[PDB]
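So the structure is just underneath, and the comments pick up after that.
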Amino acid sequence: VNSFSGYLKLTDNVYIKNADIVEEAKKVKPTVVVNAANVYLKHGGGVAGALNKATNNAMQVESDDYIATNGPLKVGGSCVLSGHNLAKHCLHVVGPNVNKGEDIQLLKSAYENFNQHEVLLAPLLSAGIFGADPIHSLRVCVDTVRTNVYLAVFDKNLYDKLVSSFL
Numbered sequence: 003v004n005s006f007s008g009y010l011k012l013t014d015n016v017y018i019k020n021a022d023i024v025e026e027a028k029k030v031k032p033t034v035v036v037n038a039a040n041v042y043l044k045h046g047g048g049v050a051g052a053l054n055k056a057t058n059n060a061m062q063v064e065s066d067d068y069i070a071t072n073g074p075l076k077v078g079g080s081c082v083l084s085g086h087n088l089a090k091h092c093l094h095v096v097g098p099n100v101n102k103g104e105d106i107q108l109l110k111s112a113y114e115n116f117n118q119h120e121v122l123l124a125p126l127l128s129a130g131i132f133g134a135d136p137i138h139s140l141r142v143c144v145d146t147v148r149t150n151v152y153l154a155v156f157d158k159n160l161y162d163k164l165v166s167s168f169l
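Each residue of the sequence shown is one higher than the one before, starting from 3 at the first, in the deposited numbering.
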């Protein structure tokens with residue numbers, strides 16, 4: 003039993019809710035919240051900008067030190083940093099950004115990072131300003147992630163479409 007509430011069950015291990023991931027993280031304080039990161043951990047907009055704003059920019063400060071030490075992430079890669087006031091840990095995962103021409107096949111590699119964590123609160127990777135089809139992202143998620151993932155979808159209209167079209 004865990005504290006996630008109001009989710010629709012899609013599969014044995016994948017759950018989905020129309021929710022703001024920031025508010026969901028603030029209430030649940032999950033062990034892991036996933037950020038929709040880029041390789042530079044520049045949290046300007048989308049999910050990343052919202053999560054970072056909720057940490058009062060502490061996420062960005064920590065991220066800048068990480069990059070200064072380690073260099074950029076790979077597309078499809080991840081790193082574990084602090085969850086600040088939102089979660090114990092933040093798993094920063096880089097899905098391909100279609101608006102930069104990155105290969106969508108890397109979306110599966112991105113979701114594989116979730117398997118290193120037993121339970122996660124997450125957005126749909128490569129959705130929103132990353133330009134991929136969210137229906138496709140949900141399919142890759144279900145077909146790749148084997149650990150327990152609680153997906154937060156900000157847009158109510160998109161949430162309903164994702165549920166109604168789910169196979």
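For every residue, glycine included, the Cβ atom is placed at its ideal position computed from N, Cα and C.
message: When you compare the CB positions of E26 and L123, do they come within less than 8 angstroms of one another, or not?
response: yes
message: Would you call the region 135-150 in contact with the region 40-57, where contact means no fewer than 3 C-beta pairs closer than 8 angstroms?
response: no
message: Using the Cβ count rule (16 or more neighbours within 10 Å means buried), how would you classify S7?
response: exposed
task: Look at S84 and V95 and say whether their C-beta atoms are less than 8 angstroms apart.
output: no
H119 (DSSP reduced to helix, strand or coil): Here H119 carries a coil assignment [DSSP, helix/strand/coil].
message: If you follow the beta strand (DSSP E) that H91 is in, where does it begin and where does it stop?
response: 91-95
message: Please classify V24 as buried or exposed, where buried requires at least 16 neighbouring CB atoms within 10 angstroms.
response: buried
query: Counting only runs that start and end within the region 3-45, where is the beta strand (DSSP E) found for 3 or more residues in a row?
result: 16-20, 34-38
query: Which residues in the same chain as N115 place their Cβ atom closer than 6 angstroms to its Cβ, once the five residues preceding and following it in sequence are excluded?
result: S80, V95
query: Can you tell me whether DSSP reads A112 as helix, strand or coil?
result: helix
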